[PDB]
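A short write-up of the structure that comes next.
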Amino acid sequence: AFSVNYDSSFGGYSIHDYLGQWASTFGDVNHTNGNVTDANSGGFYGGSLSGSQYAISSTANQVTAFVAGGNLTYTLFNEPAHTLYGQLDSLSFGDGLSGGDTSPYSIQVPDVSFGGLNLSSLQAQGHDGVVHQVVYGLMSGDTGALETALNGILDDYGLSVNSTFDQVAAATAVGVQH
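Using my numbering, the letters of the sequence shown correspond one by one to residues 45 to 222.
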């Protein structure tokens, strides 16, 4: 049940191509946004360290954000030690998070997102566990780990992170490659 959760308007990017564009704005410290009021940084939702959701906004400009969500667990007292693992299904890139009070973080300007990954890492999947990878990648403005995770569903149909927002969604819809 995977798909690209892009705002139905950008449906013509190669996944890796738009994600790079997201990181473009992410890296730029002076990048503001007139649509961004609150601009919440993140730091989980249903947990102090482990839980459901894990959002991150650009440490540079603290607008260009990323909402992660799955079934997380922070291994402080655990085996890998001070690491991340657990499940992952959906990402969500966009400018400026809001909420983070009584509601979960959500992008004020909701852009491309991800859903249906269904990737869960085992206990000892410390920094090598793709969920840990993708999150800290995202946090740093890297999509080079997410692209490889994305390839997990795409490769089943024969696509990749370089597949278009139309083709990915269509292939995960049913597959329209023939």
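Here a beta-carbon is modelled for each residue, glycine too, at the ideal position from N, C-alpha and C.
- Here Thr103 is exposed, its C-beta having fewer than 16 other C-beta atoms within 10 Å.
- Rounded to whole angstroms, the Cβ separation of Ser164 and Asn122 is 15 Å, and the two are not in contact under 8 Å.
- It is roughly 13 Å from the alpha-carbon of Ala214 to the alpha-carbon of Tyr50.
- Cβ contact annotation for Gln169 (same chain, cutoff 6 Å, sequence separation greater than five): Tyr129, in chain order.
- DSSP places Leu141 within a strand segment (E or B) once states are collapsed to three.
- In the DSSP annotation of this structure, the continuous segment of the beta strand (DSSP E) that includes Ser157 starts and ends at 150–159.
- Around the Cβ of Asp139, a 10 Å sphere holds 16 or more other Cβ atoms; the residue is buried.
- Under the three-state reduction of DSSP, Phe54 is assigned to coil, being neither helix nor strand.
- Listed as beta-bridge partners of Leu128 by DSSP are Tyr118.
- Setting aside the 5 residues that flank it on each side, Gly188 is surrounded in the same chain by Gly181, each with a C-beta closer than 8 Å to its C-beta; the list follows chain order.
- Excluding its 5 nearest sequence neighbours in each direction, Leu93 has C-beta neighbours in its own chain below 7 Å: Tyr118, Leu120, listed in chain order.
- Collapsing the DSSP output to three states places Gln169 in coil.
- When secondary structure is reduced to three states using DSSP, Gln97 falls in the strand class.
- Counted as a single uninterrupted DSSP element, the alpha helix (DSSP H) harbouring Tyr62 occupies residues 59–71.
- Distance from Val80 to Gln152 at the Cβ level is roughly 5 Å; contact confirmed, criterion being Cβ atoms closer than 8 Å.
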